[PDB]
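Colleague: Let me begin by handing over the structure; questions about it come next.
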Amino acid sequence: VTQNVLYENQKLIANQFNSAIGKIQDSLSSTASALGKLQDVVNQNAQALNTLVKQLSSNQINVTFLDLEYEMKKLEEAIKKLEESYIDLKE
Amino acid sequence: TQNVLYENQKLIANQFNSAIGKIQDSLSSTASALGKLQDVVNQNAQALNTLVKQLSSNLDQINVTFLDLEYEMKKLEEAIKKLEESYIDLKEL
Amino acid sequence: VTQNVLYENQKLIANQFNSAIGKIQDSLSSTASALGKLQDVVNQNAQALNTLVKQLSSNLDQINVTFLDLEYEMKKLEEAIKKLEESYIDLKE
């Protein structure tokens, strides 16, 4: 019920929130990196399968490719946007 | 001071809401990426299986596996929905 | 506008923040699980393709199959869950 107690709790709240921001940023960066690796490998093996198909026909099957660039960029943008969610209290 | 404490409380709420929105967006794009991954991986598993089948009717130990991420994608959508309940509306203060 | 309302709002804010942190930890858990499932299926279909290429080459030098290792990213997601555990707010009397 004291102004001092309220002020201390407020600083605690802001500091814990700010601490969470950095951790969530790292998790977003690791998720984007994992998606990039997945795209690389899936497309490489799709290309191997396609090459195998046509090299076997040199002597019906639809291979598909993956594009996750937009989602990965949205994750990077979230990282930069969260940079702007930090709390800077007055006083 | 009472004034400044209240302004800080509202700043805290606004920053928190903006972070929640950005995190919801990130979760949406992760679920969308996961769905695309499932579609493409299963389509190429089908292609490999069809190649095996057409090769054996012209070995039977080649095992193709398929992916089901739909429980995880639904959990990401649920997280979005639940974070929607964590918003603090200024009228709540 | 009144210190008692400020105190109540402070408790409301802290509880919504803690609940959001829990939801975010859950989303990270389900993302790590989806990533592990993806690695399993992608590598199993890679090995299936490689086995097919070898059995046809013993029946193709240019065909390269690659494998996926997401272990660093998955450990970093588990790490984010663990660190976020230290971000909870314990207000007191």
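Chains: A, B, ... in order of the structure tokens. Residues: from 1 per chain. Ligands: from 1, in order shown.
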Leaving out residue 64 in chain C and any residue of its chain fewer than 6 positions from it, which residues lie within 9 Å of it when counting only C-alpha atoms, given as a list in words?

Modeller: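 Skipping anything fewer than 6 positions along the chain leaves residues 44, 45 and 48 of chain A; 50 of chain C.
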
Colleague: Just want the 7 Å neighbourhood of range 28-40 of chain A, counted on only C-alpha atoms, with same-chain residues fewer than 6 positions away dropped. Output as a ChimeraX atom specification.

Modeller: /A:66-68,72,75-76,79 /C:70,73,76

Colleague: If the cut-off is 7 Å, can you tell me the residues of chain C near chain A, counting only C-alpha atoms? I'd like them as a ChimeraX atom specification.

Modeller: /C:3-4,7,14,46,63-68,70,73,76-77,80,84,87-89,91

Colleague: Pull the closest atom pair for each residue of chain B that gets at most 9 Å from chain C, along with the distance in Å to one decimal, counting only C-alpha atoms, ordering rows by chain and then ascending residue number, as CSV.

Modeller:
residue,atom,partner,partner_atom,distance
B:2,CA,C:1,CA,7.3
B:3,CA,C:1,CA,7.6
B:5,CA,C:6,CA,8.1
B:6,CA,C:6,CA,7.0
B:9,CA,C:10,CA,7.5
B:12,CA,C:13,CA,8.4
B:13,CA,C:13,CA,7.3
B:16,CA,C:17,CA,7.9
B:20,CA,C:20,CA,8.1
B:23,CA,C:24,CA,8.5
B:27,CA,C:27,CA,8.0
B:30,CA,C:31,CA,8.3
B:31,CA,C:31,CA,8.8
B:34,CA,C:34,CA,7.8
B:37,CA,C:38,CA,8.2
B:38,CA,C:38,CA,8.1
B:41,CA,C:42,CA,7.1
B:44,CA,C:45,CA,8.8
B:45,CA,C:45,CA,6.8
B:48,CA,C:49,CA,7.3
B:52,CA,C:52,CA,8.1
B:59,CA,C:55,CA,8.1
B:62,CA,C:48,CA,5.7
B:63,CA,C:48,CA,6.2
B:64,CA,C:45,CA,5.7
B:65,CA,C:41,CA,6.2
B:66,CA,C:41,CA,6.6
B:67,CA,C:41,CA,6.3
B:68,CA,C:37,CA,8.3
B:69,CA,C:34,CA,6.1
B:71,CA,C:30,CA,8.7
B:72,CA,C:30,CA,5.5
B:73,CA,C:30,CA,8.1
B:75,CA,C:30,CA,6.8
B:76,CA,C:27,CA,5.8
B:78,CA,C:27,CA,8.8
B:79,CA,C:23,CA,5.9
B:80,CA,C:23,CA,8.7
B:82,CA,C:23,CA,7.2
B:83,CA,C:20,CA,6.1
B:85,CA,C:16,CA,8.6
B:86,CA,C:16,CA,5.4
B:87,CA,C:16,CA,7.6
B:88,CA,C:13,CA,7.5
B:92,CA,C:9,CA,8.1
B:93,CA,C:9,CA,5.9

Colleague: Could I get the residues of chain B with an atom no further than 6 Å from an atom of chain A, each paired with its nearest atom pair and that distance in Å to one decimal, using only C-alpha atoms, sorted by chain and residue number, as JSON lines?

Modeller:
{"residue": "B:15", "atom": "CA", "partner": "A:85", "partner_atom": "CA", "distance": 5.1}
{"residue": "B:19", "atom": "CA", "partner": "A:85", "partner_atom": "CA", "distance": 5.9}
{"residue": "B:22", "atom": "CA", "partner": "A:78", "partner_atom": "CA", "distance": 5.9}
{"residue": "B:26", "atom": "CA", "partner": "A:75", "partner_atom": "CA", "distance": 5.6}
{"residue": "B:29", "atom": "CA", "partner": "A:71", "partner_atom": "CA", "distance": 5.2}
{"residue": "B:44", "atom": "CA", "partner": "A:63", "partner_atom": "CA", "distance": 5.7}
{"residue": "B:47", "atom": "CA", "partner": "A:61", "partner_atom": "CA", "distance": 5.7}

Colleague: What is the distance, in Å and to one decimal place, between CA of residue 54 in chain C and CA of residue 51 in chain B?

Modeller: 14.6 Å

Colleague: Please give the complete set of residues from chain A that DSSP, run on the backbone, assigns to helix (DSSP H, G or I), formatted as a PyMOL selection string.

Modeller: chain A and resi 3-57+69-85
